[PDB]
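A short write-up of the structure that comes next.
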Amino acid sequence: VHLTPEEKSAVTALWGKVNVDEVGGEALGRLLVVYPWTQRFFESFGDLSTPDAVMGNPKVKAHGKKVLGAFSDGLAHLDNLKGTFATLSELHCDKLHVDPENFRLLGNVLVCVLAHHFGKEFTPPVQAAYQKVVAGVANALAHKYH
Amino acid sequence: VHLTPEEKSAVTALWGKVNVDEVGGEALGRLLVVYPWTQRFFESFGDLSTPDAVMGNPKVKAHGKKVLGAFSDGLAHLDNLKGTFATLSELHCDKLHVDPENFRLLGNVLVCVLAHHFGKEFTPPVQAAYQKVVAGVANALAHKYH
Amino acid sequence: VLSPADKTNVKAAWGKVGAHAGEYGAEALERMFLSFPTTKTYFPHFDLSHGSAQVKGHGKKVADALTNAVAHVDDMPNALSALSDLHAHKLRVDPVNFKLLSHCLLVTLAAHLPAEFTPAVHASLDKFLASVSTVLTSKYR
Amino acid sequence: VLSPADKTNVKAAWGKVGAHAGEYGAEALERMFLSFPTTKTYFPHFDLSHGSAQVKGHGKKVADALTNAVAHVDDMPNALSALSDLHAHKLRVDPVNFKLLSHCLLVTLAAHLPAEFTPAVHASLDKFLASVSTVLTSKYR
Ligand code: HEM
Ligand code: HEM
Ligand code: HEM
Ligand code: HEM
Ligand SMILES: *Cc1c(O)cccc1OCc1cccc(CO[N+](=O)[O-])n1
Ligand SMILES: *Cc1c(O)cccc1OCc1cccc(CO[N+](=O)[O-])n1
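Chains as they are written, first to last, in the entry's author numbering: chain D, 1 to 146; chain B, 1 to 146; chain A, 1 to 141; chain C, 1 to 141.
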């Protein structure tokens, strides 16, 4: 809840080009690989012993698609991030006790994946506008701690 | 913040013995020494060049006393920490751009000082009640980011 | 990265703990479980009621590793290799929990060794614990 | 703490930067200044306008120091002692700013080298920059 009109335009246009069937699993997969302790929260997901097992785990890719849908929900409701995520905030904060610094990490992993797939088109201005998206999502998901 | 009636009695009892001329200055002083980057916010305070200079600094002692008085005010209004600190949050968030992790560091530095001063009277359940307070204070100060 | 001064601050201050190692280890564990109840989820098989013999003996194991880490401050990765495999590979502890325990250790030392707990020593001890924490949470084998 | 494979991944990926050091270094800084405007206050006397020759010249210094850090990955505190004087003793840089610059470097690397930015290499570069960041923000003399 803090985006200028030109930042909303830039994030909406880029997101219309996002493959919402692959980007979620790529980001959840990299979160599990780059920050290994987060695998502890996904003990029922099966094989997570190597980068290849993680990125090829079909439960990781299926759940990442749910992640990305909820990020899509937030992008269509950019001025009401608190309410869009309130119920997920209860689950992540009151039931799962994921420390909120992990919400920041996933948001930034997602930013790296967007850069990875778009190359030169993920320009410093597009990145900066997306930095306020993922920071608002992290903040919203941490609301039940607040 | 949810303190039981027995936690509030023991928080109140300990706080009424606190040395209001020294405890705040020691907490702010230890913050500037243990986390030296925080000195960047206090350039006009004079000599911060060594530990001894920081702790003896009269501007540090005077500023720490005002920090302690805000915590006193949050103790008196546990039911409404957000309204109690609304303008300090504007100052610290909108004007100073203090990163919220620093709020938690000061809260825990204060806890260490309480333990330093009161010794074994600073029991673990007394610590547990104090951690809820400083987490409460620290959350209310970060609200202008929320 | 500790300075030579950090190292001498930490040895002197932790030298004072002496035979209270297990008492202080247990106290710091109890401080962490009471103040930050989610840290308990790493010890579901433990008896965590106050004064538990299991926590007490585990506190002693923690302080002794700290005592060992002080003596090997200049080759932490070799010395801490076994505890790193436990905490990073097998247990996968979230780093925020190391900050909470570290803070409860500082609280314990301040409450018992007020003359040792100087602003400079407080800073070196915080850095020592942050450095041990980093090694225990890194998968470097 | 870096594993042998982390060092292998870092050396191989950064070697692919090559002549694009200052270009990528400058691009990271401009991402950082723009995504996180508070970082500009560490450079109050700089010309931070887009494309400014000063930021180019400064981005090249960053990348060259990183190149130096890659080659001295097993000798970090000694090789980086002067940069730690600057950032930790003189500029007292808040460590969260190092996470921001490190993230912006990763973004730049992913934008320019998509084939080499694999999950495993991503994870090694993150730890490498976190390791360089720890050294630059700690006062160890
Ligand atoms: C920051 C943005 C995040 C978003 C948008 C997000 C979104 C979601 C969604 C939509 C669900 C499914 C809820 C349901 O179907 O009931 C979920 C579940 C879950 N999340 Fe996240 N999440 C985020 C961050 C994280 C992080 C950082 C972690 C841990 C490191 C985490 C741990 C989990 C776990 C363990 C589950 C349950 C998986 C299961 O069913 O076993 N989340 N999340
Ligand atoms: C987390 C608990 C904190 C509390 C309760 C607190 C309280 C206060 C109070 C009462 C003032 C005086 C404002 C006035 O009288 O107008 C103040 C000012 C200030 N605070 Fe804090 N503060 C906290 C954290 C921090 C931190 C962590 C930093 C920096 C790292 C910081 C930076 C400043 C600065 C620069 C000023 C202005 C000093 C001056 O120029 O006069 N605050 N704070
Ligand atoms: C910060 C410094 C820490 C040190 C020095 C340390 C040291 C130790 C030691 C010596 C052991 C026993 C090894 C053995 O069984 O031979 C142990 C085990 C263990 N640690 Fe820690 N640890 C630290 C941090 C943490 C944290 C922050 C957590 C979680 C909040 C944690 C969770 C555990 C668990 C669950 C065990 C297994 C205990 C058992 O089942 O016997 N550790 N640690
Ligand atoms: C991987 C991380 C970093 C590396 C490798 C790095 C490296 C360097 C290098 C090589 C210089 C030039 C020093 C000289 O030539 O004398 C420098 C200067 C400087 N750096 Fe960084 N740095 C890093 C992170 C940061 C961050 C995050 C900030 C602030 C947000 C920062 C603030 C500064 C400042 C203020 C200067 C002084 C420039 C001047 O006033 O002339 N550094 N750094
Ligand atoms: C040095 C430091 C600081 O200041 C804060 C957090 C973490 C660290 O480093 C931890 C670390 C990493 C790798 C090796 C070592 C020990 O190196 N020596 O052998 O001295 N510590
Ligand atoms: C190893 C590590 C990790 O995983 C995360 C943050 C910081 C560190 O290490 C910091 C550090 C301290 C001392 C030395 C070094 C590397 O220098 N060497 O040449 O070993 N890193």
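Note that beta-carbon positions come from the ideal geometry of N, C-alpha and C, so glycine has one too.
- One finds 38 in chain C with Cβ atoms closer than 7 Å to the Cβ of residue 97(B), taken in chain order.
- In the DSSP annotation of this structure, the continuous segment of the alpha helix (DSSP H) that includes residue 68(A) starts and ends at 53-71.
- Chain C places a beta carbon closer than 7 Å to that of residue 36(B), counting this residue as a contact.
- For the pair residue 89(D) and residue 132(D), the CB atoms are not nearer than the 7 Å cut-off.
- Among the CB atoms of chain B, one or more fall inside 7 Å of the CB of residue 146(D).
- Those residues that have a beta carbon less than 7 Å away from any non-hydrogen atom of ligand 2 are, in order along the chain, 31(B), 38(B), 41(B), 42(B), 44(B), 63(B), 66(B), 67(B), 69(B), 70(B), 71(B), 88(B), 91(B), 92(B), 96(B), 98(B), 102(B), 103(B), 105(B), 106(B), 107(B), 137(B), 138(B), 141(B).
- Think of a sphere of 8 Å around the beta carbon of residue 141(A): the chain C residues whose beta carbon falls inside it are 3, in chain order.
- Only buried fits residue 93(A), as 16 or more other CB atoms lie within 10 angstroms of its CB.
- Against residue 33(D), the close residues of chain C are 119, 120, 122, 123, in the order they occur along the chain (beta-carbon pairs closer than 9 Å).
- Close to chain B, meaning a Cβ-Cβ distance shorter than 7 Å, is no residue of the stretch 101-121 of chain D at all.
- In this structure, the alpha-carbon of residue 133(C) lies about 33 Å from that of residue 63(D).
- The C-alpha of residue 120(A) is placed about 8 Å away from the C-alpha of residue 9(A).
- Per DSSP, reduced to three states, the secondary structure at residue 16(D) is coil, with no helix or strand assignment.
- Chain C has a Cβ within less than 7 Å of the Cβ of residue 40(B).
- Three or more Cβ pairs drawn from the stretch 94-108 of chain A and the stretch 23-31 of chain A lie within less than 8 Å of each other, which places the two stretches in contact.
- By the criterion of at least three beta-carbon pairs nearer than 8 Å, the stretch 21-35 of chain B is in contact with the stretch 103-115 of chain B.
- Cβ neighbours of residue 135(B) within its own chain (closer than 7 Å, five residues either side excluded): 107.
- Between residue 92(B) and residue 141(B), the CB-CB gap stays under 7 Å.
- Around ligand 5, the residues whose beta-carbon falls short of 6 Å from at least one of its heavy atoms are 1(A), 74(A), 75(A), 76(A), 77(A), 127(A), 130(A), 131(A), 134(A), 135(A), 1(C), 134(C), 138(C), given in chain order.
- Against chain B, the beta carbon of residue 34(A) has neighbours under 8 Å at 124, 125, 127, 128, listed in chain order.
- Counting of Cβ neighbours within 10 angstroms places residue 80(B) among the exposed residues, the total staying below 16.
- Against chain D, the beta carbon of residue 95(A) has neighbours under 8 Å at 37, listed in chain order.
- Less than 7 Å divides the Cβ of residue 111(A) from the Cβ of residue 119(B).
- Excluding the 5 residues flanking it on each side, residue 70(C) has same chain C-beta neighbours closer than 7 Å at 10, 11, 14, in chain order.
- In this structure, residue 35(A) lies away from residue 39(B), with their beta-carbon atoms at least 7 Å apart.
- Put simply, the backbone Cα of residue 105(D) is about 25 Å away from that of residue 6(D).
- From the beta-carbon of residue 136(D), no residue of chain C is found nearer than 8 Å; the closest lies around 14 Å away.
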